[PDB]
Amino acid sequence: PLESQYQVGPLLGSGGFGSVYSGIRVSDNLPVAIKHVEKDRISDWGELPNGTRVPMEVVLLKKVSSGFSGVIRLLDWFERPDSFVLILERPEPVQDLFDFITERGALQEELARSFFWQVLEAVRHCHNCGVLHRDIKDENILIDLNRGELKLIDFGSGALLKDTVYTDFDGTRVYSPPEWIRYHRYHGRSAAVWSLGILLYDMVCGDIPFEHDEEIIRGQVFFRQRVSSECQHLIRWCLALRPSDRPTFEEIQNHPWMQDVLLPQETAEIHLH
Ligand SMILES: Cn1ncc(NC(=O)c2nc(-c3c(F)cccc3F)sc2N)c1N1CC[C@@H](N)[C@H](F)CC1
């Protein structure tokens, strides 16, 4: 290890969280992503079975990396004196959903339906594995352009899923729910559904619905693009002010707008190729 197992390429994205590089596993050569996180910057720490002190992100990734391709999987990890290094899957070709919507503008509803459905299945997988992502948004969704499959990235803001209130939050504020803005309290699943409503609005309108705290708290949704009544209803349901008025995942996937979703490969052939 470890600079000998992977050839490192260009930066994909960086920030106070850390830095993510394109890479190749020397022996495959598998496309990977190499994420560096400074220990001094790690806010949330976790423990491994063998009792190793490790960024909670590593704990969460291990818990979701079973095989379901809706989450970018953690292939390996290393500890350095001042940092941790994560080796993650990298689909090629790929584009994140933020860039995709930027290039294409608002998405046709048939395409938004397929993307949104796949995000729901991925988020359901995380919760089934005991993991709350806490930063669901277009930037953190990768599109495998050949297969039409979407994949969740960046669990650096995530937490173990629990049924009691969260009093901390470090995801994206314009995706955070009104109960966080107002009371610095939220429950995991209803906060996730709120962020999913923001995500869906962004897909079909090409921009997010709320920019300021007061707009989040008012909860009035104005549509700047033509959107079907069924889609508008689903979005407004996900963005209910009262958390307990929001739909469950089952209720979202049973919604009239969500019926007859395209398969991922269909999605790619029609909309991506
Ligand atoms: C903060 N954080 N932590 C892990 C990750 N990204 C990955 O893990 C990841 N990204 C991949 C990628 C991509 F995202 C875009 C184009 C091509 C790619 F191959 S492939 C892979 N495994 C991130 N990014 C979050 C925001 C993201 N939009 C930034 F572009 C990169 C930072």
# chains A, B, ... in the order shown; residues from 1 in each chain; ligands from 1

$ residues_around --residues "residue 49 of chain A" --least-positions-apart "5" --cutoff "12 Å" --atoms "only C-alpha atoms" --output "PyMOL selection string"
chain A and resi 54+59+62-63

$ residues_near_ligand --ligand "ligand 1" --cutoff "8 Å" --atoms "only C-alpha atoms and all ligand atoms" --output "PyMOL selection string"
chain A and resi 12-15+17-20+22+32-35+72-73+87-92+94-98+138-142+153-156

$ select_by_dssp --residues "segment 63-120 of chain A" --states "alpha helix (DSSP H)" --output "list in words"
residues 63, 64, 97, 98, 99, 100, 101, 102, 103, 104, 109, 110, 111, 112, 113, 114, 115, 116, 117, 118, 119 and 120 of chain A

$ residues_around --residues "residue 218 of chain A" --least-positions-apart "5" --cutoff "12 Å" --atoms "only C-alpha atoms" --output "number ranges by chain"
A: 177-179, 181-182, 209-213, 239-242

$ closest_residue --among "A:247, A:46, A:197, A:256" --to "residue 60 of chain A" --atoms "only C-alpha atoms"
A:46

$ residues_around --residues "residue 41 of chain A" --least-positions-apart "3" --cutoff "8 Å" --atoms "only C-alpha atoms" --output "PyMOL selection string"
chain A and resi 16-17+37-38

$ write_last_selection --atoms "N, CA, C and O atoms" --output "tab-separated table (two decimals), in the first residue's frame"
chain	number	residue	atom	x	y	z
A	16	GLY	N	-14.28	21.86	2.54
A	16	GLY	CA	-13.99	21.62	3.95
A	16	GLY	C	-14.17	20.17	4.37
A	16	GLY	O	-13.56	19.74	5.35
A	17	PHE	N	-15.00	19.42	3.65
A	17	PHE	CA	-15.18	18.00	3.95
A	17	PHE	C	-13.92	17.20	3.63
A	17	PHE	O	-13.55	16.29	4.39
A	37	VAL	N	-9.87	12.62	3.82
A	37	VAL	CA	-10.54	13.35	4.89
A	37	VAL	C	-9.52	13.62	5.98
A	37	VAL	O	-8.92	12.67	6.52
A	38	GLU	N	-9.32	14.89	6.31
A	38	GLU	CA	-8.40	15.25	7.39
A	38	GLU	C	-9.02	14.89	8.73
A	38	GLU	O	-10.17	15.24	9.01

$ atom_distance --atom1 "atom CA of residue 134 of chain A" --atom2 "atom CA of residue 157 of chain A"
6.0 Å

$ select_by_dssp --residues "segment 133-171 of chain A" --states "strand (DSSP E)" --output "MDAnalysis selection string"
chainID A and resid 141:144 149:152 159:160

$ write_last_selection --atoms "C-alpha atoms" --output "PDB file, in the first residue's frame"
ATOM      1  CA  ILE A 141     -26.579  11.522  -6.926  1.00  0.00           C
ATOM      2  CA  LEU A 142     -24.491   9.981  -9.711  1.00  0.00           C
ATOM      3  CA  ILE A 143     -25.963   8.878 -13.042  1.00  0.00           C
ATOM      4  CA  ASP A 144     -24.421   5.817 -14.685  1.00  0.00           C
ATOM      5  CA  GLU A 149     -28.718   3.705 -12.876  1.00  0.00           C
ATOM      6  CA  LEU A 150     -28.459   6.331 -10.124  1.00  0.00           C
ATOM      7  CA  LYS A 151     -26.114   5.996  -7.141  1.00  0.00           C
ATOM      8  CA  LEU A 152     -25.912   7.853  -3.805  1.00  0.00           C
ATOM      9  CA  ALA A 159     -25.808   9.209  10.868  1.00  0.00           C
ATOM     10  CA  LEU A 160     -26.996   5.896  12.208  1.00  0.00           C
TER      11      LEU A 160
END

$ closest_residue --among "A:192, A:105, A:216, A:231" --to "residue 124 of chain A" --atoms "only C-alpha atoms"
A:192

$ residues_around --residues "residue 194 of chain A" --least-positions-apart "6" --cutoff "12 Å" --atoms "only C-alpha atoms" --output "VMD selection string"
chain A and resid 134 to 137 173 to 180 186 to 188 200 to 201 209 216 219 234 to 249 252

$ residues_around --residues "residue 43 of chain A" --least-positions-apart "3" --cutoff "9 Å" --atoms "only C-alpha atoms" --output "MDAnalysis selection string"
chainID A and resid 39:40 55:56

$ closest_residue --among "A:203, A:52, A:272, A:183" --to "residue 119 of chain A" --atoms "only C-alpha atoms"
A:203

$ closest_atom_pairs --of "segment 65-160 of chain A" --to "segment 205-208 of chain A" --cutoff "8 Å" --atoms "only C-alpha atoms" --output "CSV"
residue,atom,partner,partner_atom,distance
A:101,CA,A:206,CA,6.2
A:102,CA,A:206,CA,7.4
A:105,CA,A:206,CA,5.2
A:106,CA,A:206,CA,4.0
A:107,CA,A:206,CA,7.2

$ atom_distance --atom1 "atom CA of residue 66 of chain A" --atom2 "atom CA of residue 158 of chain A"
17.3 Å

$ atom_distance --atom1 "atom CA of residue 29 of chain A" --atom2 "atom CA of residue 8 of chain A"
12.0 Å
